[PDB]
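Here's the structure, in structure tokens; my notes come after.
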Amino acid sequence: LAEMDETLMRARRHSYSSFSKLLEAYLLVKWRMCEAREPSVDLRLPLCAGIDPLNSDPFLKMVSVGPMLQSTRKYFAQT
Amino acid sequence: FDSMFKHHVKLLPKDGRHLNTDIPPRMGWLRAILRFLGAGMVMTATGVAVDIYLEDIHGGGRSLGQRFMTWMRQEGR
Amino acid sequence: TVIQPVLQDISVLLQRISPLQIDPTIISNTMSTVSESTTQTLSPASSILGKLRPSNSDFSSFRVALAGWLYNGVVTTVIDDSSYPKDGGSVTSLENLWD
Amino acid sequence: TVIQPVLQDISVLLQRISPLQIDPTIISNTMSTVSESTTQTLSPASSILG
Amino acid sequence: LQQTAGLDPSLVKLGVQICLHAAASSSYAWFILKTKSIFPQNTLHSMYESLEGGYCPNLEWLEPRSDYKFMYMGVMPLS
Amino acid sequence: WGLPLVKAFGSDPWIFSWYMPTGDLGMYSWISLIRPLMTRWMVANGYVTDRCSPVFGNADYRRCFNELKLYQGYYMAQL
Amino acid sequence: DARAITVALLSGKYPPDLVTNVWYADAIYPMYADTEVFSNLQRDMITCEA
Amino acid sequence: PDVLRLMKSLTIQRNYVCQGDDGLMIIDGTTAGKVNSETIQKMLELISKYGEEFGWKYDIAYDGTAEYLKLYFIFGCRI
Amino acid sequence: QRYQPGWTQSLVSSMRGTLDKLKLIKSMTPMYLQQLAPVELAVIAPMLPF
Amino acid sequence: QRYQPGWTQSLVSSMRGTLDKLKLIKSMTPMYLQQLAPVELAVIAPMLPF
Amino acid sequence: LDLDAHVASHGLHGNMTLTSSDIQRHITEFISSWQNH
Amino acid sequence: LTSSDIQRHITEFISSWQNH
């Protein structure tokens, strides 16, 4: 536990100059947003309880992207 | 997320081909990576999902590939 | 407004009686084989797969169209404007060819 | 310097009256569908937009 | 939960009543175990006795059903 | 660790969603969304340098991140 | 919407081992026990009467 | 005869999904609507009787709701 | 001959391959429409409310 | 024949495609110049200060 | 540098952000697209 | 006071949506 504590203190007190190489590579890329997608399902169909207009952001993400209609175990079995 | 990877993360700029957005022929795996970056950008933002187009890579595709390969080799030490 | 629900009911009945099933994965499987180069700006297969997903994925206009055959006296089924190219299109554009 | 403002005034008057307005996106949309190979050094579609 | 999910206070009061009754019994855990199903049996299992309308999604089970392949069609008005 | 922000660097509030990815991906995402505002905020606070950066222009990020503990938090989140 | 009609035209599929004279015999069976038509007939009669 | 027709219309490769001690039976709606509830009730009694002679206590619920692996569905909406 | 020169060589081959694929899709819909759908419509028709 | 040998065939195809795109642009400007702009000028002219 | 006196910000495109109006515009176009089929 | 309803809460948001 003392090893934990001293390691965390060492990490905190130090000074850095960059993130990991991967993130520095990622920041070299920039994109461009455009017109919105097409609705995936009808806007007035309840799918998950609570995900409703009073719960805007999940509702909008779900209706824009659409639910995963295929089981994940079999999908990742081939990956 | 699969369909959004396939048909809503466009790796070609909307206005047409740009100079820096060219992928070297044998570095096609960048096509796989950049899809995740587009996905993260579109999903992080609040609101509806948005069609996204690649805009520019600062160092060009080749430099990004070299940096990725450098990380790939140096890890595990 | 009065007539449309009748067609919708006939459509669901036809769906429930018919042995035919719609499976879009056929198109994906068959296009997953077409040969192309990765250095090309344009890809016909990716575009066509992109264009076959209907808005809201309704897939129901087919049964409605079949049902409409019985009531051409009072109902004339037509294709909506939104399916046409916006400005009329151009044969130089692959998107318009698929349209 | 004496005549140039007159031309500007006529220009804004034509602005207020003409039914024609420009959408620059026409060129970009048309050029977005040009077929070319990414291995080439020169891109005509990019150059014309530039 | 009430402050985070915007629960109806009326139902929260009933939940509190159940908790208090459990406390006032001979064994709290035994009481909770024996009465765990009031909310389901009274709301979920007795729902829509008289139905007026709404939407129900139209799903299809493709072949092979061993593949668990389902495809979404749309909404069907209820009756 | 994947918990979204609320409002920072003078940006508008409630502009991020918890569908934010975790690790480097989410970091890159939110930097990409608010890079220009971040740069203007950084310059306006005297964090100004001369070496133009591909990501941050002439912002002295190497010290602002150190004093904001952002580098420190990023690195110790992986221990 | 035409763009759904084309999908339907392009992706029809039958069950693997189909025997139509059995499939339809099974499917139709219950739907010809209802009495709605017979009530309708009396309704039409009453309409003409009125 | 209604029970016979129903049972002959059901097979495990088409209608039954199981995992451990939890299982789900799907009754496909007929072309005339949905299967009569009385027939389902008598069939349920048949399974309940059938479970006993090899010492299996079948806990059976039929309330117009779908439950599987402690996931709850009503009219196509998951709760 | 007056449209092909505007396209690169590989794209033409890909286009023709895709068209060939679409021509020979194994979609069961058309024969359904030709053979079974009329039978279903005939069966259904007398029981319609309208 | 004495200028194209310096260029790759794919580049020639892209150039021809770009020219075809430009020729068939759906710009409404020339119609406006031919049919309506003279009417606008005729309407405006008498009211000019100069 | 002096052109666009201090708003220079060398990069021309990609300088847009997310703040307020983009979300609302996306909502409006999305709802229009839903309502027009 | 002002404990109006939850259904009206649902409908009011939707009415905000439909407006354009």
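The chains in the structure tokens are called A, B, ... from first to last as shown; in each chain the residues are counted from 1, and the ligands are counted from 1 in the order shown.
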
Contacts of residue 57 in chain C at 12 Å or less, counting only C-alpha atoms, minus same-chain residues fewer than 5 places along, as a PDB file with C-alpha atoms, in the first residue's frame?
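The result, stored in out-v7.pdb:
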ATOM      1  CA  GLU A  38     -32.002   9.664 -41.519  1.00  0.00           C
ATOM      2  CA  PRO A  39     -34.247   8.366 -38.728  1.00  0.00           C
ATOM      3  CA  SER A  40     -33.742   4.669 -38.101  1.00  0.00           C
ATOM      4  CA  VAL A  41     -37.067   3.910 -36.387  1.00  0.00           C
ATOM      5  CA  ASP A  42     -40.352   5.724 -35.926  1.00  0.00           C
ATOM      6  CA  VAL A  63     -33.657   7.097 -33.073  1.00  0.00           C
ATOM      7  CA  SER A  64     -30.747   8.363 -35.170  1.00  0.00           C
ATOM      8  CA  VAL A  65     -28.535   5.283 -34.954  1.00  0.00           C
ATOM      9  CA  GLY A  66     -31.094   2.563 -34.258  1.00  0.00           C
TER      10      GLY A  66
ATOM     11  CA  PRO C  24     -31.817  -7.888 -47.092  1.00  0.00           C
ATOM     12  CA  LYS C  51     -28.675   3.482 -50.937  1.00  0.00           C
ATOM     13  CA  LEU C  52     -30.796   0.384 -50.300  1.00  0.00           C
TER      14      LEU C  52
ATOM     15  CA  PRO E  57     -43.143  -2.897 -33.723  1.00  0.00           C
ATOM     16  CA  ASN E  58     -43.259  -5.271 -36.676  1.00  0.00           C
ATOM     17  CA  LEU E  59     -40.385  -7.741 -36.415  1.00  0.00           C
ATOM     18  CA  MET E  71     -35.121  -7.796 -39.153  1.00  0.00           C
ATOM     19  CA  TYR E  72     -37.176  -4.731 -38.304  1.00  0.00           C
ATOM     20  CA  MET E  73     -40.135  -3.771 -40.475  1.00  0.00           C
ATOM     21  CA  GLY E  74     -42.088  -0.967 -38.835  1.00  0.00           C
ATOM     22  CA  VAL E  75     -45.022  -0.091 -36.631  1.00  0.00           C
TER      23      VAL E  75
ATOM     24  CA  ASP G   1     -41.545   4.764 -51.236  1.00  0.00           C
ATOM     25  CA  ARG G   3     -36.658   2.510 -52.323  1.00  0.00           C
ATOM     26  CA  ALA G   4     -38.407  -0.084 -50.146  1.00  0.00           C
ATOM     27  CA  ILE G   5     -40.160  -1.721 -53.104  1.00  0.00           C
ATOM     28  CA  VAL G   7     -35.483  -4.045 -51.595  1.00  0.00           C
ATOM     29  CA  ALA G   8     -38.548  -6.263 -51.463  1.00  0.00           C
TER      30      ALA G   8
ATOM     31  CA  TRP K  34     -38.706  12.475 -40.720  1.00  0.00           C
ATOM     32  CA  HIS K  37     -41.711  10.855 -46.170  1.00  0.00           C
TER      33      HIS K  37
END

What lies within 10 Å of range 16-18 of chain K using only C-alpha atoms, ignoring chain neighbours under 4 positions off, as a list in words?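 Here the answer would be residues 32 and 33 of chain A; 45 and 46 of chain B; 11, 12, 15, 16, 32, 33, 34, 35, 36 and 37 of chain F; 12, 22 and 23 of chain K.
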
Please provide the set of residues having any atom within 12 Å of residue 28 in chain K, restricted to only C-alpha atoms, with same-chain residues fewer than 6 positions apart removed, written as a PDB file with N, CA and C atoms, in the first residue's frame.
ATOM      1  N   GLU A  35     -24.915  17.386 -42.828  1.00  0.00           N
ATOM      2  CA  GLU A  35     -26.333  17.237 -42.550  1.00  0.00           C
ATOM      3  C   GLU A  35     -26.603  15.948 -41.778  1.00  0.00           C
ATOM      4  N   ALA A  36     -27.681  15.971 -41.003  1.00  0.00           N
ATOM      5  CA  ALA A  36     -27.986  14.879 -40.091  1.00  0.00           C
ATOM      6  C   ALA A  36     -28.363  13.616 -40.853  1.00  0.00           C
ATOM      7  N   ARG A  37     -28.358  12.498 -40.132  1.00  0.00           N
ATOM      8  CA  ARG A  37     -28.684  11.216 -40.729  1.00  0.00           C
ATOM      9  C   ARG A  37     -30.184  11.105 -40.959  1.00  0.00           C
TER      10      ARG A  37
ATOM     11  N   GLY B  47     -26.901  15.193 -29.199  1.00  0.00           N
ATOM     12  CA  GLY B  47     -27.906  15.400 -30.222  1.00  0.00           C
ATOM     13  C   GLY B  47     -28.051  14.178 -31.115  1.00  0.00           C
ATOM     14  N   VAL B  48     -28.379  14.426 -32.373  1.00  0.00           N
ATOM     15  CA  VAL B  48     -28.621  13.369 -33.344  1.00  0.00           C
ATOM     16  C   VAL B  48     -27.297  12.931 -33.942  1.00  0.00           C
TER      17      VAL B  48
ATOM     18  N   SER K  21     -25.822  26.311 -31.870  1.00  0.00           N
ATOM     19  CA  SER K  21     -26.755  26.362 -32.984  1.00  0.00           C
ATOM     20  C   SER K  21     -26.647  25.137 -33.869  1.00  0.00           C
ATOM     21  N   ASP K  22     -25.475  24.502 -33.908  1.00  0.00           N
ATOM     22  CA  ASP K  22     -25.319  23.323 -34.747  1.00  0.00           C
ATOM     23  C   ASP K  22     -26.242  22.205 -34.290  1.00  0.00           C
ATOM     24  N   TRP K  34     -37.730  13.442 -41.205  1.00  0.00           N
ATOM     25  CA  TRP K  34     -38.706  12.475 -40.720  1.00  0.00           C
ATOM     26  C   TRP K  34     -40.107  12.808 -41.211  1.00  0.00           C
ATOM     27  N   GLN K  35     -40.492  14.080 -41.149  1.00  0.00           N
ATOM     28  CA  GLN K  35     -41.849  14.473 -41.504  1.00  0.00           C
ATOM     29  C   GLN K  35     -42.116  14.428 -42.997  1.00  0.00           C
TER      30      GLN K  35
ATOM     31  N   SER L  16     -42.996  20.379 -28.431  1.00  0.00           N
ATOM     32  CA  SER L  16     -41.802  21.166 -28.724  1.00  0.00           C
ATOM     33  C   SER L  16     -41.059  20.592 -29.923  1.00  0.00           C
ATOM     34  N   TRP L  17     -40.995  19.264 -30.010  1.00  0.00           N
ATOM     35  CA  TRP L  17     -40.304  18.627 -31.130  1.00  0.00           C
ATOM     36  C   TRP L  17     -40.953  18.974 -32.461  1.00  0.00           C
ATOM     37  N   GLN L  18     -42.265  18.774 -32.562  1.00  0.00           N
ATOM     38  CA  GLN L  18     -42.935  18.870 -33.854  1.00  0.00           C
ATOM     39  C   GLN L  18     -42.848  20.278 -34.429  1.00  0.00           C
ATOM     40  N   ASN L  19     -42.699  21.280 -33.568  1.00  0.00           N
ATOM     41  CA  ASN L  19     -42.703  22.661 -34.030  1.00  0.00           C
ATOM     42  C   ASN L  19     -41.501  22.942 -34.923  1.00  0.00           C
ATOM     43  N   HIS L  20     -41.743  23.683 -35.998  1.00  0.00           N
ATOM     44  CA  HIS L  20     -40.696  24.041 -36.948  1.00  0.00           C
ATOM     45  C   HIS L  20     -41.042  25.339 -37.672  1.00  0.00           C
TER      46      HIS L  20
END

Kindly provide, as an MDAnalysis selection string, the residues of chain K having any atom no farther than 12 Å from an atom of chain L, counting only C-alpha atoms. chainID K and resid 24:25 27:35

If DSSP is run on the backbone, what residues of chain F are helix (DSSP H, G or I)? A reply as a PyMOL selection string would be ideal. chain F and resi 24-44+61-67+70-76

Interatomic distance, CA of residue 55 in chain H to CA of residue 12 in chain H (Å, one decimal):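 Pair CA of residue 55 in chain H / CA of residue 12 in chain H returns 21.5 Å.
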
Should the cut-off be 9 Å, what would the residue list for chain I against chain G look like, counting only C-alpha atoms, as a ChimeraX atom specification? /I:22,25-30,32,43,46-49

If you keep N, CA and C atoms, can you produce a file of those selected residues as an mmCIF file, in the first residue's frame?
data_model
loop_
_atom_site.group_PDB
_atom_site.id
_atom_site.type_symbol
_atom_site.label_atom_id
_atom_site.label_comp_id
_atom_site.auth_asym_id
_atom_site.auth_seq_id
_atom_site.Cartn_x
_atom_site.Cartn_y
_atom_site.Cartn_z
ATOM 1 N N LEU I 22 -26.218 -7.913 -59.927
ATOM 2 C CA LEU I 22 -27.620 -7.564 -59.735
ATOM 3 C C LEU I 22 -28.519 -8.322 -60.699
ATOM 4 N N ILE I 25 -29.100 -11.979 -59.295
ATOM 5 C CA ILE I 25 -29.423 -12.172 -57.889
ATOM 6 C C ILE I 25 -30.430 -13.303 -57.761
ATOM 7 N N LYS I 26 -30.310 -14.074 -56.687
ATOM 8 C CA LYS I 26 -31.201 -15.207 -56.464
ATOM 9 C C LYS I 26 -32.414 -14.804 -55.640
ATOM 10 N N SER I 27 -33.098 -13.752 -56.068
ATOM 11 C CA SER I 27 -34.256 -13.264 -55.340
ATOM 12 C C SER I 27 -35.484 -14.068 -55.727
ATOM 13 N N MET I 28 -36.198 -14.567 -54.730
ATOM 14 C CA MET I 28 -37.337 -15.434 -54.969
ATOM 15 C C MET I 28 -38.621 -14.647 -55.172
ATOM 16 N N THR I 29 -38.554 -13.318 -55.087
ATOM 17 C CA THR I 29 -39.759 -12.494 -55.156
ATOM 18 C C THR I 29 -40.507 -12.603 -56.477
ATOM 19 N N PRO I 30 -39.878 -12.451 -57.649
ATOM 20 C CA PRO I 30 -40.679 -12.397 -58.881
ATOM 21 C C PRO I 30 -41.519 -13.635 -59.121
ATOM 22 N N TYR I 32 -42.643 -15.642 -56.823
ATOM 23 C CA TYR I 32 -43.716 -15.531 -55.848
ATOM 24 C C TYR I 32 -44.847 -14.676 -56.391
ATOM 25 N N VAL I 43 -57.847 -15.842 -52.333
ATOM 26 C CA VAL I 43 -58.355 -16.404 -51.088
ATOM 27 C C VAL I 43 -58.847 -15.300 -50.167
ATOM 28 N N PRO I 46 -62.798 -12.370 -50.736
ATOM 29 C CA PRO I 46 -64.202 -12.382 -50.299
ATOM 30 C C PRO I 46 -64.398 -12.039 -48.836
ATOM 31 N N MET I 47 -63.371 -12.179 -48.008
ATOM 32 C CA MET I 47 -63.494 -11.916 -46.581
ATOM 33 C C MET I 47 -63.139 -10.489 -46.189
ATOM 34 N N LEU I 48 -62.871 -9.612 -47.145
ATOM 35 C CA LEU I 48 -62.575 -8.232 -46.801
ATOM 36 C C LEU I 48 -63.819 -7.529 -46.275
ATOM 37 N N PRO I 49 -63.672 -6.647 -45.287
ATOM 38 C CA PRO I 49 -64.802 -5.800 -44.895
ATOM 39 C C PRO I 49 -65.255 -4.880 -46.007
#

Return the single residue from H:67, H:38, H:52, H:28 that is closest to chain C, with distances computed using only C-alpha atoms.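 Closest candidate: H:28.
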
Could you list, with a cut-off of 9 Å and counting only C-alpha atoms, the residues of range 30-79 of chain C near range 17-29 of chain B, each shown with its nearest atom pair and the distance in Å rounded to one decimal, rows sorted by chain and ascending number, as a Markdown table?
| residue | atom | partner | partner_atom | distance |
| --- | --- | --- | --- | --- |
| C:38 | CA | B:25 | CA | 7.4 |
| C:39 | CA | B:25 | CA | 6.7 |
| C:41 | CA | B:17 | CA | 7.7 |

Skip range 59-70 of chain F itself and residues of its chain fewer than 5 positions away, then list as a PyMOL selection string all residues within 7 Å of it, counting only C-alpha atoms. (chain A and resi 15-17) or (chain F and resi 39+42-43+47-49)

Near-range 13-27 of chain E list (12 Å; only C-alpha atoms; drop same-chain fewer than 4 positions) as an NGL selection string: :E and (1-2 or 7-9 or 31-39)

Same residues, C-alpha atoms, saved as a compact mmCIF listing (two decimals), in the first residue's frame:
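Dumped to part_7.txt:
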# COMPACT_ATOMS: atom_id res chain seq x y z
CA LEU E 1 -33.72 7.27 -7.33
CA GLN E 2 -36.59 9.73 -6.94
CA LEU E 7 -40.05 9.08 -10.03
CA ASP E 8 -43.63 9.86 -9.12
CA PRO E 9 -43.65 10.67 -5.38
CA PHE E 31 -40.77 -10.14 4.94
CA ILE E 32 -39.08 -8.63 1.88
CA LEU E 33 -38.59 -12.10 0.42
CA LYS E 34 -42.23 -13.06 0.87
CA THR E 35 -43.57 -9.80 -0.59
CA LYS E 36 -41.13 -9.13 -3.42
CA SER E 37 -43.76 -9.40 -6.16
CA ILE E 38 -46.44 -6.82 -5.33
CA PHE E 39 -45.25 -4.24 -7.86

Compile the residues of chain D that lie within 12 Å of chain I, evaluated using only C-alpha atoms, and express the compilation as a PyMOL selection string. chain D and resi 33-38

Export of the given selection (N, CA, C and O atoms) as a tab-separated table (two decimals), in the first residue's frame:
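Output below, filename again.tsv:
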chain	number	residue	atom	x	y	z
D	33	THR	N	-18.10	13.87	-57.54
D	33	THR	CA	-18.34	12.61	-58.21
D	33	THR	C	-17.35	12.33	-59.33
D	33	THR	O	-17.63	11.49	-60.19
D	34	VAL	N	-16.22	13.03	-59.36
D	34	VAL	CA	-15.22	12.78	-60.39
D	34	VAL	C	-14.42	11.54	-60.03
D	34	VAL	O	-13.94	11.40	-58.90
D	35	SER	N	-14.28	10.63	-60.99
D	35	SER	CA	-13.55	9.39	-60.76
D	35	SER	C	-12.07	9.61	-61.01
D	35	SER	O	-11.68	10.05	-62.09
D	36	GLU	N	-11.24	9.30	-60.01
D	36	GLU	CA	-9.80	9.41	-60.17
D	36	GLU	C	-9.12	8.46	-59.20
D	36	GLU	O	-9.71	8.01	-58.22
D	37	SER	N	-7.86	8.16	-59.50
D	37	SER	CA	-7.07	7.23	-58.71
D	37	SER	C	-6.25	7.98	-57.68
D	37	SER	O	-5.64	9.01	-57.98
D	38	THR	N	-6.22	7.45	-56.46
D	38	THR	CA	-5.54	8.13	-55.37
D	38	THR	C	-4.02	8.06	-55.48
D	38	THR	O	-3.34	8.82	-54.78

Residues of chain C within 12 Å of chain B, counting only C-alpha atoms, as a PyMOL selection string: chain C and resi 28+37-43+45-53
